[PDB]
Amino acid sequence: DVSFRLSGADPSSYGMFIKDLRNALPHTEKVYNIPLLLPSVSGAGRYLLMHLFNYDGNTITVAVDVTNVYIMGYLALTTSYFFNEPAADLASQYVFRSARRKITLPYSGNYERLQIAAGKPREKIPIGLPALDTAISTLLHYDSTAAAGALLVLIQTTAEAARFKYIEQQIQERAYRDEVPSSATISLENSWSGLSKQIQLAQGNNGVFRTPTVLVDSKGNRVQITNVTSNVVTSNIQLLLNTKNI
């Protein structure tokens, strides 16, 4: 398991949590020095538990699929909540079995469905450590509309930060003040699967992407990533989705 406490949290303790999260994801291989997530894992070993504590010390446990860093569901007190999708339904066979009741959320876990449920795109939702504290608090008491927004925050400040150093840093910059994600942040989130794939395809293609990946940079400018010498590959991305899952 990995843990993070918002009480007394700072950029350093958050960085340690994101390091712990990355290190809890198994791999047998690196591709261009980036851990390659496994094609599959069987049984309960597929799911990592993140223990998150809000400022007042209340807690939820979030279940993460270790092959793709997707949040499957979470436990709040004696109630479990899972996304309305087959991967989460399967996860419900292995985690939070001792919950007194299980609620299936009225949406799947993808950004499009969560944004619909929440009533807004995540371009408009502030993220940061304060937003994470709020998210945890919201998820403690069932409200499916409020939960969608909280889950958008949760996913970005945990999974997306684990996947990209740039995103981890953006959240560190928002340790004490929330701010909507940069366009670059959104672009990276949207491109994780594409980049993971193209980095793997570059292995037998002299480090060259078969298909370029278009991103937005820090300065708001749209850029083409064509090969593994780009900073996105050498510095930023920290985990690759196995091409067998793409």
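Each residue number is its position in the shown sequence, starting from 1.
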With B-factors read from the PDB entry, the higher C-alpha mean of 151-159 and 103-111 is in 103-111
As the entry reports it, the stretch among 214-222 and 173-181 with higher mean C-alpha B factor is 214-222
For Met72, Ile136, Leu90, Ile167, the deposited C-alpha B-factor is largest at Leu90
One of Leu188, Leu52, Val41, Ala63 has the largest Cα B-factor in the entry, namely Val41
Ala76: C-alpha B-factor third of its chain, per the entry, is the middle
By the entry's values, the third containing the CA B factor of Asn84 is the middle
Sorting the chain's modelled residues by C-alpha B-factor and splitting them into thirds places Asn231 in the highest
